[PDB]
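First the structure, then my questions, so here it is.
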Amino acid sequence: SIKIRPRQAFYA
Amino acid sequence: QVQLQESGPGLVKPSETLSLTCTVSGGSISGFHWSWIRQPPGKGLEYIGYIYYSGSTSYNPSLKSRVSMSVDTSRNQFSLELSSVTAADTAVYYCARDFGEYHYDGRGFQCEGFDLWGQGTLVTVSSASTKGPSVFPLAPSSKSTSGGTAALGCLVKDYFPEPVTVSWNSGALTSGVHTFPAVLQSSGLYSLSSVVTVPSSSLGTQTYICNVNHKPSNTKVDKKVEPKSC
Amino acid sequence: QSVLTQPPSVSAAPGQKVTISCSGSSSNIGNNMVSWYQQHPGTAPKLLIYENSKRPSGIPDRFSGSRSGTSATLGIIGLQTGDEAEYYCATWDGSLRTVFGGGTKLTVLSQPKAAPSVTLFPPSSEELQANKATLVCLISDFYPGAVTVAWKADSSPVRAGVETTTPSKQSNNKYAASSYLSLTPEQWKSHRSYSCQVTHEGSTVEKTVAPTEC
């Protein structure tokens, strides 16, 4: 559904 | 500016548990998935698993019966525990930060790559027992019609740790000598071989000796290598 | 074979361009995006390409990536000696893990290609008296420094018992490697021959030995 790019912090 | 640093024991006894930690500095565990990847010496890369900052994990099925990971967001560290290790687990272990695709169905995070890596730490699964090699002569094969050149060798079998030195005829013989780097076997022990190519004409008038020295065990062998066959 | 497959080696002269294939399937490349790594021996892999075609900062534009179907491609233009390294592709596989290709050694040609010399020794009578048997295959003077080794028992492939070293640079700048086949004395005595087959630049040099006593 969504890309997590390098260096991209992600909080589900 | 984020840096990752592995910490680990170096040597682990077979059947025991390998524990590693990765420290993240200049950044934080928060908001990322984190992995361990390993590489046996001379071989390819194997992903071990990932852990999200909140603690959810996914492990390589090949390792599921032995592996776990944990995260200490407070210390900005995460860890690996691998049980029941054998020589197959000897490898450089890297910690890394992950990226990929996140699904809001059951799939969750699909790890597609690793953008930040630690420097890696070697873990050697071994009893660390000092063991001298057996030395076997590798006789030149039977060859007729003047014979041309002959190849004679020595097999330096099952020693630990590195290194071993080999000379021929006490160093008098260097032309045509080739000593090969060791293989690290699934037994955790090393073996290597040395070969010298010599004229066939003098196989009867020249004696060939391989002088092997494994300093750790004080094992010195001077092995005569001669043509066989009746 | 592993989930992702790459050619073991590729080479070209400085200033030339090369491509490296990454062969996958519907369970990986078909569904997920490919990343690529450059690894100089002794150091960690470095990310070169992500999401099939994107370059991180610091990676020069002469590196490129693409994906089509269930395959991917790394392109390198303007080869420099410093580009010599092992290159890996990777992505997520539906078996629920990240998978890597087996790696491709890139050589930037700096001398004539050279086929390996192969020497094969049977188990010694001394080893056989210790109830062991090792076949020793010594491989030297080859360039580029990549070979694939296959062993045959009579005319049949053997897989179990083989340990092969990484190629190492010789004083003369060509390469050496060795391959060891561990057998029981019964196996050694019960085949008519064994062969060590070394493939380099698509050409195979093989040696054969057979049990012989007095």
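What is the spread of the Cα atoms of region C:2-110 along each of their three principal axes, largest first, in whole Å?
So the extents along the principal axes, rounded to whole Å, are 41, 25, 25.
Now for a different question. In whole Å, what are the extents of the protein assembly as shown along the principal axes defined by its C-alpha atoms, from largest to smallest?
For the protein assembly as shown, the Cα spread along each principal axis is 79, 49, 39 Å.
Sticking with this structure for a sec: Please list 3J(HN,Hα) in residue order for region C:136-144, calculated via the Karplus relation 6.51 cos²θ - 1.76 cosθ + 1.60 where θ = phi - 60°; whole Hz, with x for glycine and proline.
Those phi angles translate into 10, 10, 9, 10, 9, 6, 10, 7, x Hz.
Follow-up. Considering just Cα atoms, how many Å³ per residue does the convex hull of region C:125-214 enclose?
Enclosed volume per residue, from the Cα hull, is 112 Å³.
Springs between alpha-carbon atoms under 10 Å, Gaussian network over chain B: tell me which of B:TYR93, B:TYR102, B:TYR208 tops the mean-square fluctuations.
Of B:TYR93, B:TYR102, B:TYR208, the most mobile in the Gaussian network model is B:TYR102.
Apply the Karplus curve 6.51 cos²θ - 1.76 cosθ + 1.60, θ = phi - 60°, to the phi angles in region C:63-73 and return the couplings in whole Hz, x for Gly and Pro.
Here the 3J(HN,Hα) series is 9, 9, x, 8, 9, 8, x, 10, 9, 9, 9 Hz.
Go from 0 up to the bin containing the longest alpha carbon distance in region B:1-127, width 5 Å each, and give me the % of pairs per bin.
Spelled out per bin, shortest first, that is 2, 11, 22, 25, 20, 12, 6, 2, 0, 0.
Rounded to a whole number, what is D in µm²/s for region B:65-156 from Stokes-Einstein with the Kirkwood radius over alpha-carbon pairs (10 °C, 1.306 mPa s)?
Diffusion coefficient, whole number: 83 µm²/s.
Among C:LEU128, C:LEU120, C:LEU48, which one shows the highest mean-square fluctuation when chain C is modelled as a Gaussian network with alpha-carbon springs under 10 Å?
Of C:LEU128, C:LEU120, C:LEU48, the most mobile in the Gaussian network model is C:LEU128.
Using the Kirkwood formula over every pair of different C-alpha atoms, what hydrodynamic radius in Å results for region B:113-230?
In region B:113-230 this quantity evaluates to 16.1 Å.
I need the per residue convex hull volume for chain B, using only the alpha carbons, in cubic angstrom as a whole number.
Here the figure is 184 Å³ per residue.
Can you put B:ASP89, B:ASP158, B:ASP222, C:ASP61 in order of Cβ neighbours within 10 angstrom, beginning with the fewest?
C:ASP61, B:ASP222, B:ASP158, B:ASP89
In whole Hz, what ³J(HN,Hα) sequence does region C:41-58 give by Karplus (6.51, -1.76, 1.60; θ = phi - 60°), x for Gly and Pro?
Result, rounded to whole Hz: x, x, 10, 5, x, 10, 5, 9, 9, 9, 6, 6, 9, 8, 9, x, 4, x.
Among C:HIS191, B:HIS33, rank each residue by its count of other Cβ atoms within 10 Å, from fewest to most, as a rough exposure measure.
With the sparsest Cβ surroundings first, the list reads C:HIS191, B:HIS33.
Sticking with this one: Quick one: Cα centre-to-centre distance for region C:84-104 and region C:1-33, in angstrom?
9
Please identify the trypsin sites (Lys or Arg not before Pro) of region C:164-199 that satisfy two criteria: DSSP loop assignment and at most 15 other Cβ atoms within 10 Å. Which are they?
The qualifying sites are C:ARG192.
Within chain B, what is the number of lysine pairs with alpha carbons under 13 Å apart, leaving out pairs fewer than eight places apart on the same chain?
Final tally of qualifying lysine pairs is 4.
Normalised by the residues of chain C, what does the relative contact order come to in percent, with Cα pairs under 8 Å and at least six apart?
Relative contact order of chain C: 18 percent.
No lab work stands behind these numbers, since they all come straight from the coordinates. No Cβ is skipped: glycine too gets one built from the backbone with ideal geometry, and neighbour counts run over all protein chains shown.
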